[PDB]
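Following: one structure in structure tokens, then a few remarks.
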Amino acid sequence: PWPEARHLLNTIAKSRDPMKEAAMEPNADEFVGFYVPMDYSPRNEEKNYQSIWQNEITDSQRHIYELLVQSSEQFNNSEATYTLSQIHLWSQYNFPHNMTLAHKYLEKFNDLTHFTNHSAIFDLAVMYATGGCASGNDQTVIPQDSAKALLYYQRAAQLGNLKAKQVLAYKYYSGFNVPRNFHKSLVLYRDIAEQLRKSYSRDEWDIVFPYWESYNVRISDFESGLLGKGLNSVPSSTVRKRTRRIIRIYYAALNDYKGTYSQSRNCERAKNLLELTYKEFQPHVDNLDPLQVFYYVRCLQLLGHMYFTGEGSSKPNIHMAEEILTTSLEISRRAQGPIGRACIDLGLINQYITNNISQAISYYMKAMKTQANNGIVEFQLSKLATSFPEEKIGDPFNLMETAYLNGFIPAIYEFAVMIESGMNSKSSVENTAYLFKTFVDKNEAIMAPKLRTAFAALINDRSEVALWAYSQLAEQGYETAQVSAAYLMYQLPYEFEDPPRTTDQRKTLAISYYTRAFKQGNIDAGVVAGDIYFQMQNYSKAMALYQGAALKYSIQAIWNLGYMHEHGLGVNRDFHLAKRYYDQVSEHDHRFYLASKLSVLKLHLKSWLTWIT
Ligand SMILES: *[C@@H]1O[C@H](CO)[C@@H](O[C@@H]2O[C@H](CO)[C@@H](O[C@@H]3O[C@H](CO)[C@@H](O)[C@H](O)[C@@H]3O)[C@H](O)[C@H]2NC(C)=O)[C@H](O)[C@H]1NC(C)=O
Ligand SMILES: *[C@@H]1O[C@H](CO)[C@@H](O[C@@H]2O[C@H](CO)[C@@H](O[C@@H]3O[C@H](CO)[C@@H](O)[C@H](O)[C@@H]3O)[C@H](O)[C@H]2NC(C)=O)[C@H](O)[C@H]1NC(C)=O
Ligand SMILES: *[C@@H]1O[C@H](CO)[C@@H](O)[C@H](O)[C@H]1NC(C)=O
Ligand SMILES: *[C@@H]1O[C@H](CO)[C@@H](O)[C@H](O)[C@H]1NC(C)=O
């Protein structure tokens, strides 16, 4: 039965990505506010499943699905049962998802060699910790079970999977259910981090971090926001830079060198395009519009970084890089333009291909205040400080401390192993842990490569699988996944029409995600949690929550606060404090000057009537 099917699943060519398909082609360059549901309708998904598995499937595509499943039930293969979980849980080939049967077959895979394969036990160990999926109406449905999942996590990390021991460390570090226990968190964090540092090369560790494309972004920022407009915080989308022929080309290659969200990147067509430009312009180099040559030499900076990169080619060329960018500075003398990244990679290639350290300090130091310096320079210097104890440069400590904050990633590890090893007792113990996770969570490719899946396999269709993915990273320390999944589980109804028509369990999960996101910083989520409990009871819990938000300077919390005391369930009714709240909103913002005193108008309109009796 099976080994014939291997030819078929070879034939079908699944696990499709659209951004790779839009990398090459001319395209709309256009997407926003695409589509979402607001109600789940469990018994609707079953009939939709029925329709699609009736019609849109192919008769062959049934034929393959026929006998792996028919052969696996007749035969104990256990390889097809593992695949169909990854097919009805991932929708990896063109088939629907059904977490009931997927969950059902996962125990079958596990029982075959109970507790050996960490890649699977983890996946259902989440499924226990939710209770929302692997659910239904038949008998085997069970709600959430903490400990029964917890043990499986311990089995995986005991076996040695990474993100398991990650989520344990986060779970202690946050005080999710168990106590705080910073010590353990430190232990397994540093363990993880040494394994990560072992994943890389010496060369690749020291010279360039390889630019894995980032998706740790807070969905609902594409639309207005988690709430409204103007009264939000920190939109994390970073897309499609822009501010006279060539400049429209310049950006048009930059976007192709680092297209981040909706179109995959690679340099090759941008590169060929670029070298065409250098072969084109160079003899025709008079003045030529000092604003144009600006973007010319900027594309030269880029270009030299690309030859030294080795993108698109089989190898990098240090040499044509050398002539081309050294030329670039030969111009940059004239018009005194930006010079940074050329000074970096020039001071870097001299540092490992040649061995004139001396000038290399001159270049690094010549570009050190540059904005493009993230942390790379300092991290590269402190090496030479610890190697060559020379007075010229200062302490390694302060330099690496100037690289930590800026975001350059290797800087953390040295900055961490330093302080823990420090016979000099620096600030504390717990802060040390904050470093390690901040490294871990930021490497983002070994640990969390599925953000490129969840996003991707959302936009075509079928949010639910992305929802499971964020429901697999929300347990990790990724705020973005928490508010993402919750924003999929509960959208805010507009004031007019209607709240949703969803499950109560589902809300019991969403609220937990929003809460943890709140205590990772996103104040707005707190507000949203309160807007759940309007529809429920627990007005006291909500009041504590809102009140928890207001102390950190929000606004909507406050209007809800005065409004909760004036109308609805208040333990004591009072409008003295109320107008204070309603007025300090206008104290702080200066922009809602009217609605404050409007609330005052209705508030005294109460008094006019009540004096009648
Ligand atoms: C997930 O997969 C299961 C299959 O394990 C799908 O199950 C179907 O569930 C219905 C009850 O909702 C079962 O009822 C059947 O009704 C027909 C008449 O319509 C009757 O002739 C059968 O004897 C039975 O009573 C149905 O047998 C069952 N079929 C299968 C293959 O399981 C379920 O619909 C899927 N859900 C989702 C959300 O994908
Ligand atoms: C849990 O079990 C699954 C199978 O149910 C294991 O899948 C195996 O994963 C490894 C890679 O981690 C695959 O290795 C590579 O496969 C390709 C062909 O697909 C081959 O060309 C490479 O040389 C290499 O052997 C392996 O084939 C794959 N096995 C099956 C049947 O798909 C999974 O690895 C197990 N979990 C863990 C954590 O290992
Ligand atoms: C390179 O080093 C040699 C000897 O170390 C020195 O003579 C030469 O001036 C250096 N060149 C540059 C460009 O720094
Ligand atoms: C109130 O909140 C608790 C959570 O502490 C929850 O278990 C309970 O179901 C809620 N009750 C109502 C009526 O909302």
If each K or R counts +1 and each D or E counts -1, the residues other than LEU227 whose Cβ falls under 14 Å of its Cβ total -3
For the stretch 1-89, using Cα atoms only, the Rg and Dmax in Å read 17.6, 50
Taking every other residue with Cβ under 9 Å from the Cβ of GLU479 and scoring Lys and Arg +1, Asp and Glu -1, one gets +2
Note to self, the chain gives a 222 nm [θ] from helices alone (DSSP H runs n ≥ 4, -39500 (n - 2.57) apiece, / all residues, nearest 500) of -19500 deg cm²/dmol
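Percentage of Cα-Cα pair distances in the stretch 245-428 greater than 23 Å, rounded to whole percent?
On the way: 8473 of 16836 pairs.
Across the stretch 245-428, Cα pairs with separations above 23 Å total 50 percent.
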For the stretch 328-405, the Cα convex hull volume per residue in Å³ comes to 90
If N is the residue count of the stretch 474-610, its Cα Rg over 2.2 N^0.38 Å rounds to 1.14
Quick calc: nm separation of the 7 Å Cα→Cβ label points for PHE281 and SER362 -> 2.7
Which of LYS271/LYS315; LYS519/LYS552; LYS20/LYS315; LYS163/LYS450; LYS579/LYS602; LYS184/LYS437 exceed 18 Å between C-alpha atoms? The answer is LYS20/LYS315
The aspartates and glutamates whose Cα lies under 20 Å from the Cα of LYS597, excluding any fewer than 8 residues away in the same chain, are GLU566, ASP574, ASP583, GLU587, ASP589
The whole-number value in µm²/s of the Stokes-Einstein translational diffusion coefficient for the stretch 2-157, with Rh from the Kirkwood sum over alpha carbon pairs at 4 °C and 1.567 mPa s, is 72
Along the dipole axis of the stretch 341-472 (charges at Cβ: +1 for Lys and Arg, -1 for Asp and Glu; origin at the Cα centre), the most positive-end residue among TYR434, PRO410, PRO396 is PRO410
Taking every C-alpha to C-alpha distance in the chain and binning by 20 Å from 0, the per-bin percentages run 15, 42, 34, 9, 0
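Taking the stretch 126-275, how much of its Cα-Cα pair set, in percent, is spaced more than 20 angstrom apart? Kindly include the intermediate steps, with their values, before the conclusion.
Values: 8070 of 11175 pairs.
Looking at the stretch 126-275, the distances longer than 20 Å represent 72 percent of pairs.
For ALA517, what is the net charge nearby, where nearby means another residue's Cβ is under 12 Å from its Cβ and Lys, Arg count +1, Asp, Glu -1?
Working: positive: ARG218, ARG516, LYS519; negative: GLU479, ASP524.
Charge balance in the 12 Å sphere: +1.
Taking 8 Å as the Cα distance limit and 6 or more residues as the minimum spacing, I'd like the relative contact order of the stretch 2-157 as a percentage. Provide the component values of the computation, followed by the final result.
Working: 121 pairs, mean separation 25.9, N = 156.
Worked out over the stretch 2-157, it gives 17 percent.
We place every Cβ from the backbone using ideal geometry, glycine too, and count neighbours over all the protein chains shown. Laboratory data are not the source of any read-out in this text; all were calculated from the coordinates shown.
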